[PDB]
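Protein chains in written order, with my numbering: chain A, 1221 to 1261; chain B, 1221 to 1261; chain C, 284 to 404; chain D, 23 to 626; chain E, 23 to 626; chain F, 23 to 626.
Heads up: the structure comes next, in structure tokens.
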Amino acid sequence: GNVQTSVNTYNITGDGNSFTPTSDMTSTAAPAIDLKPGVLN
Amino acid sequence: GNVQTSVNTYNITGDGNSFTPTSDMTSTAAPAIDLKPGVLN
Amino acid sequence: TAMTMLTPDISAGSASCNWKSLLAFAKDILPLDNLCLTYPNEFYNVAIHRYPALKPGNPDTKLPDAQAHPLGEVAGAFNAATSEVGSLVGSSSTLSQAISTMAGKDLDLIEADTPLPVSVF
Amino acid sequence: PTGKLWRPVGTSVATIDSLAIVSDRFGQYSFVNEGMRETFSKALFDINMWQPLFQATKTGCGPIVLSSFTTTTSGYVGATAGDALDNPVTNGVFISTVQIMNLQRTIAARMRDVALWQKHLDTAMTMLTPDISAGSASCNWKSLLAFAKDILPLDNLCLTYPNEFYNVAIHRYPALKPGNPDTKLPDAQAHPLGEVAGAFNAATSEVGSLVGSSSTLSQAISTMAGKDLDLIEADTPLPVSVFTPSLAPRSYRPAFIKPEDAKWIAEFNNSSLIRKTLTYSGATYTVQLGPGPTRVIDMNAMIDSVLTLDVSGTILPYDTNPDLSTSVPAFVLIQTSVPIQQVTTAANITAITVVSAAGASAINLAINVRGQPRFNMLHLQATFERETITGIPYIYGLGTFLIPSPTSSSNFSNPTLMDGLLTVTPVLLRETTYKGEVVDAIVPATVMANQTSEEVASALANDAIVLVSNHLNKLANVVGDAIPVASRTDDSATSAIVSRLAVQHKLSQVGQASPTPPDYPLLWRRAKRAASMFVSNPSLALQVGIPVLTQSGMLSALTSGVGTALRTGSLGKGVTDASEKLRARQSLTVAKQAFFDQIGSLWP
Amino acid sequence: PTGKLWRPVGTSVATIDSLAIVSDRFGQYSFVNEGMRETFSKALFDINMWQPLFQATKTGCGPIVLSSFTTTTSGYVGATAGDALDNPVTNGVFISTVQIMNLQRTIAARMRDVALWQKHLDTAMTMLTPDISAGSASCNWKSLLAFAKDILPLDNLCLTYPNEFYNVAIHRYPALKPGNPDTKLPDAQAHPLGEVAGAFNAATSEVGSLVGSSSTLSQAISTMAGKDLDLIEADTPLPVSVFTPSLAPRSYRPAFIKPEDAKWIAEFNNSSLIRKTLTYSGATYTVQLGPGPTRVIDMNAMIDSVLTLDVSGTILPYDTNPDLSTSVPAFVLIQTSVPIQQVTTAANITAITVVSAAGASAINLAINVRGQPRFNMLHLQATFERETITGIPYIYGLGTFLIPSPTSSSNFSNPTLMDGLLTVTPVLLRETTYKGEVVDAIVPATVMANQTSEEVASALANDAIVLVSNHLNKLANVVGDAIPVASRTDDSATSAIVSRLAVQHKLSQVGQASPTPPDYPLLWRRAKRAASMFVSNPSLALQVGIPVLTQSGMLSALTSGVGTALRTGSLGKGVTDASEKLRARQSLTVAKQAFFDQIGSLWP
Amino acid sequence: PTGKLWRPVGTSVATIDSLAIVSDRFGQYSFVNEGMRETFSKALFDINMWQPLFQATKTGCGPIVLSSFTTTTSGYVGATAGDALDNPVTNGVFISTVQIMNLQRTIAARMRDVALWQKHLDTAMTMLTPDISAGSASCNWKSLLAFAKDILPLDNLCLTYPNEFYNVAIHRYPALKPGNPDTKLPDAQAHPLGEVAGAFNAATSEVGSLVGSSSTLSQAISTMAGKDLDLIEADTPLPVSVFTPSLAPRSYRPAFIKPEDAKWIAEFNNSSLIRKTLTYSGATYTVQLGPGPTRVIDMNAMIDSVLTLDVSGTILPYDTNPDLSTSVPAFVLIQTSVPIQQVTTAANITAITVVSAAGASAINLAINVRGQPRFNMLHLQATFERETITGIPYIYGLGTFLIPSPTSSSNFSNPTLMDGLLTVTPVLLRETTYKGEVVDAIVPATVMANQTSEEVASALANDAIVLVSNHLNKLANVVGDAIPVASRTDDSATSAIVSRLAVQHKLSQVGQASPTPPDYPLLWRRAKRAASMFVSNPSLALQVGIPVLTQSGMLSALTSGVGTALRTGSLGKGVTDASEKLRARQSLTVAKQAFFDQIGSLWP
Ligand SMILES: *C(=O)CCCCCCCCCCCCC
Ligand SMILES: *C(=O)CCCCCCCCCCCCC
């Protein structure tokens, strides 16, 4: 967790972070991208 | 009690709230609204 | 079920209960199917207007208000058990109530000396 | 427009022939229609996300803009000169072949790069369930971190780049809200790059989950149109192909199946024994057809399959009648002159071929398992073929014993090894079998309430019955799945049936005193268990004597209901019992909050 | 915008009621939003492709431009006057109803046309696997052609139009690269109309196949939200409906199931025999309840099903005790006064109803299979109904024998035909059964590690256990499928569990010398086999005494991990073992190149 | 573009650093790309539809325009400053976080609202199958209505709002055509809001159903790329993970499985008996290894599983040899010095551990079922672990009896309880087993035609064979499903094989008189049953001695054919037998028209 500083806009051990799940926003990237023949073109 | 922010003018977990009954203001909404025939018109 | 679940109504002098505890407490008791757990300060804002017990902390001085301003401002003022005389809302009705009967059944004329249809009873 | 772009090779005037795919040193420019940019953008978007980890580890090469693989050509873009003429596009955005190659191998190379890191980020992320589905629940960050500082095994990648993975993470888990730099506090809202998608997956308390209930429907709709559940009780010849019978090899236990319970299996019900002989491999053996009826697999009405009669664990009493031992058990065909069930004595049996014997007598195949010597699990097995039995009116497959010398001891034995678990496997799907005949088409409606209790369980692997069972079974999972045939909600399924019972019970009341006005509360409930009994055991609808379900209306009715029922579910079908379902989710988040509370104490 | 187009109707300013669906002589113009043109273009595009075969065979009628079915009207387009008012579209592209009819029946008519040819092109194309997945591999064209000139059966359509099919083909198989006319050499690049799609399906060596790995994820995501794998170990009442129990009729073998191993089956454990009588069809028979305990199906705790006790292949010793023969085997209910397991003698048994007898005594149902006469496969069968047993505290279903005359011979026999394979089929899904009681909701978490080894395998078709098993089974295939719980990759699944074991073993160490600092290398590995043992045999998580898996945390934990795990797979999840997977694909292309080499020699 | 919108925080000059997610009091504006508006519009469109029911019941709040949740900001929109710099969008349409919240909870709240009504509309709609699939068929409206006026149960919502539901309905069922107000007659055409979608689902008589045939293909394509059917007979090491083995616990019947038919099970084939002893729980018992060979589960070659040997319904002759009774049956390991199959007498058996005994002797576990006392269904069960047997060259799991006192009576008994149904469940997927060894990778091609008839059915739960069977099984359902391997259509599957047979039979003819020119009509037909026999019983392709199917070419060939075959189906694949399929649909509509005719009379 050693301080970095600019590489990325947020420090991990940074001031006032906060792990806190909300039933409201179910974390998700993009897995189901459609590529099948008919659907991709 | 998770922070909201604007939906309503007050946060519940907000700063310096205060439960404190006073014999002076007996909490009450409006139940006895008169609607009987003669009295409503 | 959440409000009365901590008698927000006393009738002589005051009496507080440090808010943190209170909340962290009902966070328990309240059964998982209420609606005061799904909207805390969406119910709280409705509540503040019905219980002059819950005084919300003012945003720009972060302290209560002494006075409590629930929408039922007057009605709630005139129900408090005023120490001079029991309760105006009570003593008032217990009277109009009796007045109703007195005229109604026909208590007047109770020992009238003359034929009266049984219906009159 | 769509397809490759073309341009007037003959110049100016572009007719349906003065065109030509504008190819060149880069390959052919194919048009990138609006939606197809959504994909390549959605793919690149998911890679750019990992920007902070690409720089940290000096891989990558800057953010991949999809505008680096395309171009701004203009011409007519279609699939063929003729139709491309009706799509004059100006300064459209096309991607040349050689480019369609990089945007491909780039998204592929980068995809590996991230696929790896993305795996480390995960073993650490999910390693503290950042996902609840009712209300919230925090877990003081210090602890959390100081905790994973432990658990995470020394070869992750979340220990070598904490806030190089954290920055990638913040965009995938709206659970981790980074503390704002100039107020040093969270944000209430969480802004992960998947802003919308993640919003529309949360288990919304009004109705289960839109992403769920939506698919469980489109999924069912697929099947309904696909297999051909529609037309499930159609009354007219249908090619077996229409039933896509696959992976279908059912096994039995004959020598038990009554002949009338399944046409493909006749029996030698004759008074005495019918000892015959046959020179097999020099040695002369005697097929028995012993005391009992000896049910044998008939050959006609037997779709050229792969019969594999297994004889194992089954008793082998060579202990008593010594006659039994020494005889090599073997599946043998038996051509009889007079039709079986009319074949009295040996002179009647034309010939007997040992289609597959078992090397080594019955005293090496044994194995003592507490007195009663059993059969060492072995599989005899023919490969019956429709035409190898051409002309031959009577012929039967029999997995008997082949005794090397019949005696008085084997006078009440009857060596039929058919008590074993035989497994026929239709090796030629095109041809089915029904009521004893081989056909190429079924008549669905015919097979309904036409089999008996066991004229079903005794069906022959890939025969109408087994096909008109594999079919109902799909339709049975579409209702079971999508439709709510398992609650007092008088659903579309049990509703289609109720309307039939009414229209039915209503005309049966027409003519005569009509002393009974139709019920309805009783009809709704009767049809509810009818539709329910179906979802339950799809098969039943084939057995004669099943209430409601077996009248010609139903099914033909049911399906076409369930049909339109799926094509309207809405999206919020999940509103069903979305109350207890919700209350159960809050139940879990309350217990998971309890977990975070320990992570929060133990590792302060 | 979307929906039908509306336009102001009647006198007044445009308003929410001024509007009216602009219908007319052509039907109603429905708007053709951007994406919906992608489909009809993608559909027509796939037809135009077959242009060279339409002219050759004089069918068709020119290329189908989607711009022939639409129009350029303008107005407000919504689903209802109210909302259509907020979509003023000018010169949008709408397709009128009567047109939405042709673009339909045209794409349908043409679709048949091509579907046919397209089938001939194929039996010839795939008839030489034009698809490899690692590196390249040619096959000198002359040979190839001169070869198919053979194989292809005389009724194809690739022999009647070679380079009329070839031109269609070149656009579907980037394997066949036509030789350019003015340099008479190939092109290196292959330009098939499916330029992009075909590029994005190639098994990219970096990560298996984007089209694969992508779907295997969205597929799992569907299930995860669908069935309701989430909430899998929720601790609170859940309607059976929430478990979509369908096609669920499990079969057993009672008269073996211990009474305590499954509440729905009590036994008459009494000293002597309990011969009772009953006039059934005139004739008086004696139910036995012989020497042993005779386990009988209890009626209460028996969800109104369709009990069908099959009695076949099972021994039938009418040979010894002649008493047994002559008795028609039959499933019979038995109402007892005092509760069973307290019912001593005949006077205790209230009454006995033959709910389903077998016509013909025990000497026609037999069939000799080597001394030991078996039972000709037959199915007795009641149709128990919740309320037909109202009030009646004690009643049991028993598939006994009904002896026409009890004797000394049958003094140690005990005619319970329950040794047969009974098959109960819940005929009314809404109601489940648990621990012996009938309910309408389960409490998942309760059924975990609460059954015993066999208090599971002895479950009753559609009972909590069988439901809390059908559920885990889905969640078991989502992990088994999507997540890599079968390699040393400490995946998201086995990771969610590890965090529980830590937090768990960590507090059990709190208070007292704490002489053991948590392990982790040992915890990771212990939780890996825990998550693995689950994917393996989903059931286990119900049996008391299973390491890790049965602690309240796990599962509730696992799923919610596996959950978020699927919602982030990326696309290149296939990077897992995409090395040996790749090396195996090159292995195949090397062997397939070997094939083309013979096609290349034999047919020079 | 896509992602959140950014703006030059440093003003004017927007570089790859002077940007910053434009967040604020509303959250972060995320861009709403063209297609993502299609969804939220398609979702809102399906809600607006229910407008007439929202007003009727005073819920709702007016029509939901998607233009109420968005905005018209402008800036650069990407996933990260770097890539967002290449998407300058002006006055794009973004939806702020707090808005992405309402459009969410609104569509959710409204979704509940309608989901409910929409359910009532249905129990009434489908309650008269408004969907036919061939030709038309009316049902005079008066009757219809006056009819449902009955059936519909008193708690619907279609009785409280008839033409408040009717107006919602008219837009979902193009069956109900409302009578036009100013000509008081229908319309011929039906204009339901789903105008197009409903047009493209009708079972078009030319080809089954585009929506069906389309999916049944994309569905198969998913699998083909997913599981990894491609590479199905790859000849090279493949991690077991590549086979996603899940929910895989197979059960047997050892003490029957020949040792050579399955390496994981050796037998003590020794002359006399081998009575050993062992102090178990104080009491001294004698393991027997009786008269017969007593096949025992070998421990090496036994993937640390969960062996659970069930012993029930199996005979228990404590009646004869009294020696048997009193002995607690129990699964026990047996470490032998000299390798088994070479272990002659007691002094040879190193030690014997009772890994799991059954409390209570063999006379409480019994239960008389007609003379022959059986075993009360009970499950003994070890938990074998790879390394608990480290070093130990010889050790075997044996579910024997543990007699408390061997006698002359048990001199021909042999107490192996292995005749029971043992169920091994691999508890650690990563490791597989092949030919007796434990490995981490299979070599597919090796397992083809390498097992024998029963060297397959005797496979050990999660061993190469069982894995190279679970795999073919998927590929078997892709062909069975998508491809027409069940009709005389010489499909792409049976075609890929035919080309192999030719190339094969053609070179075997090279060199020598070549007196036989290849056949082809006979080859096509031989390969048709080969591809067909595969779809039928996928397994076979593992057994030595199967025509065609087991030559190295096929399969590796087949799949790669079936592969490209699915990636071209077109859409109208349903044209296959779309004639009888059509004729069957007309058959149903003729019978359903017959129904409407009664609804039309009974309720006039
Ligand atoms: C410094 O690296 C100390 C360890 C703190 C973080 C290491 C990784 C564990 C936390 C992950 C944060 C990013 C997403 C999980
Ligand atoms: C967050 O919701 C934590 C729980 C705190 C409040 C929940 C409801 C109990 C207190 C009620 C406040 C409004 C009027 C009772």
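Even for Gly, the Cβ is constructed at its ideal location relative to N, Cα and C.
Inter-residue Cα distance where the pair is residue i and residue j
i	j	result
D:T342	D:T301	26 angstroms
F:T454	E:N559	15 angstroms
E:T119	E:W72	27 angstroms
C:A363	E:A467	50 angstroms
E:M470	E:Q565	7 angstroms
E:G567	F:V377	15 angstroms
F:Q50	D:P152	22 angstroms
Residue i CB to nearest heavy atom of ligand 2 below 7 angstroms
i	result
C:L318	no
C:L313	yes
B:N1222	yes
C:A330	yes
C:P323	yes
C:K310	yes
Beta bridge counterpart(s) of residue i as assigned by DSSP
i	result
E:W28	E:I43 and E:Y98
D:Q241	Answer is none; D:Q241 lacks a bridge partner.
D:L420	D:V354
Residue i: CB within 7 angstroms of a non-hydrogen atom of ligand 1
i	result
residue 1268 of chain A	The structure shown has nothing for residue 1268 of chain A, since chain A only spans 1221 to 1261.
D:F618	no
D:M147	yes
Residue i at chain H interface by Cβ criterion, 8 angstroms
i	result
D:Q363	Structure shown: chain H not included; protein chains present are A, B, C, D, E and F.
Give a yes or no on contact between the segment 28-37 of chain E and the segment 283-296 of chain E, applying the rule of three or more CB pairs nearer than 8 angstroms. Cβ pair count under 8 angstroms is below three, so no.
Taking contact to mean 3 or more Cβ pairs, one atom from each stretch, closer than 8 angstroms, check whether the segment 151-170 of chain D and the segment 497-512 of chain E are in contact. no
Could you tell me whether the segment 1249-1256 of chain A touches the segment 237-255 of chain E, where touching means 3 or more Cβ pairs closer than 8 angstroms? yes
Inspect the CB distances between the segment 264-276 of chain F and the segment 511-520 of chain E and report whether three or more fall short of 8 angstroms. no
Would you check if there are 3 or more beta carbon pairs closer than 8 angstroms linking the segment 386-393 of chain D to the segment 297-315 of chain D? no
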